[PDB]
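**Student:** Residue numbers (the entry's author numbering): 7 to 43, 50 to 141. The C-beta atom is built at its ideal place from N, Cα and C for all residues, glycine as well. This is the structure, below, for whatever I ask next.
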Ligand SMILES: Cc1cn([C@H]2C[C@H](OP(=O)(O)O)[C@@H](COP(=O)(O)O)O2)c(=O)[nH]c1=O
Ligand SMILES: [Ca+2]
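Structure (structure tokens):
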């Protein structure tokens, strides 16, 4: 996979952001994760984590996987990086997202995320408390 520059417009919640992509404003959904909704326990924390991580970064990048780039709802599907650090992985490592929605063909970073999840579970951190 390769990274490319991202033009973010705003973070929406823990696992969705609004991005201009090829000149179209789109919602993008983070691959391989599930954060709580904004009004569920740890929802506000997951939203604030993703929001600060993308806003404080000098450089945001997006990385598509090998399979579909859009979901059935018209959302973009990608991994995001903020100054080189994967947002998808950071959320899982902090126990603010579960590994989820693992589809064959868009699963390149599955093992990396399951490693993070296991560390968060061992630490009984946030969602795993
Ligand atoms: C992460 C992801 C979600 N989705 C779909 C599955 C769920 O659809 P259904 O609602 O039809 O079950 C929905 C979950 O998104 P949210 O977690 O944002 O609600 O988005 C994909 O199709 N591909 C993906 O890679
Ligand atoms: Ca969610």
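Could you say which of 26, 140 and 38 lies nearest to residue 98 if we only look at CA atoms?
**Tutor:** Your numbering for residue 98 matches position 86 in the chain shown. Out of 26, 140 and 38, 38 has the C-alpha closest to the C-alpha of residue 98.
**Student:** If you measure from the CB of residue 41, is any heavy atom of ligand 2 nearer than 7 Å?
**Tutor:** Indexing the chain shown from 1 puts residue 41 at position 35. Indeed, a heavy atom of ligand 2 lies less than 7 Å from the Cβ.
**Student:** Could you check the C-alpha separation between residue 140 and residue 119 for me, to the nearest Å?
**Tutor:** For the purposes of this step, residue 140 is identified with residue 128 of the chain shown, where counting begins at 1. For the purposes of this step, residue 119 is identified with residue 107 of the chain shown, where counting begins at 1. Cα-Cα distance, rounded: 23 Å.
**Student:** With a Cβ-Cβ cutoff of 8 Å, do residue 28 and residue 16 count as a contact?
**Tutor:** Numbered from its first residue, the chain shown carries residue 28 at position 22. Numbered from its first residue, the chain shown carries residue 16 at position 10. Cβ distance not < 8 Å, so residue 28 and residue 16 don't count as in contact.
**Student:** Going by DSSP, name the residue or residues bridged to residue 18.
**Tutor:** Against the chain shown, residue 18 aligns to sequence position 12. Residue 18 is not bridged to any residue.
**Student:** Would residue 19 and residue 33 qualify as a contact pair, given that the criterion is a beta-carbon distance under 8 Å?
**Tutor:** Looking up residue 19 in the chain shown gives position 13. Looking up residue 33 in the chain shown gives position 27. Taking 8 Å as the Cβ cut-off, residue 19 and residue 33 do not qualify as a contacting pair.
**Student:** Closest by CA to residue 90, which one among 61, 64 and 122?
**Tutor:** Taking the first residue of the chain shown as 1, we reach residue 90 at position 78. Nearest of 61, 64 and 122 to residue 90, Cα basis: 122.
**Student:** Decide if residue 62 is buried, meaning its Cβ has at least 16 other Cβ atoms within 10 Å, or exposed.
**Tutor:** Here residue 62 is taken as the residue at index 50 of the chain shown, counted from 1. Classification of residue 62: buried, given that the 10 Å Cβ count is 16 or more.
**Student:** Is it the case that the stretch 122-135 contacts the stretch 64-78, given that we only count it when at least three CB pairs across the two stretches are under 8 Å?
**Tutor:** As far as the Cβ criterion goes, the stretch 64-78 does not touch the stretch 122-135, which means the pair count is below three.
**Student:** Once you ignore the five residues that flank residue 65 on each side, which residues in its own chain have a CB closer than 6 Å to its CB?
**Tutor:** In the chain shown, the residue the question calls residue 65 occupies position 53. 94 and 99, listed in sequence order.
**Student:** Closest to residue 132 by C-alpha separation, out of 88, 96, 56 and 103, would be which residue?
**Tutor:** Here the question's residue 132 lines up with position 120 in the chain shown. Of 88, 96, 56 and 103, the residue nearest in Cα terms is 103.
**Student:** Can you give me the C-alpha to C-alpha distance between residue 82 and residue 69, rounded to a whole angstrom?
**Tutor:** Along the chain shown, read from residue 1 onward, the residue named residue 82 stands at position 70. Along the chain shown, read from residue 1 onward, the residue named residue 69 stands at position 57. Computed Cα separation, rounded: 25 Å.
**Student:** Could you tell me whether any non-hydrogen atom of ligand 2 is closer than 7 Å to the CB of residue 95?
**Tutor:** Here residue 95 is taken as the residue at index 83 of the chain shown, counted from 1. Not so, every heavy atom of ligand 2 lies at least 7 Å from the Cβ.
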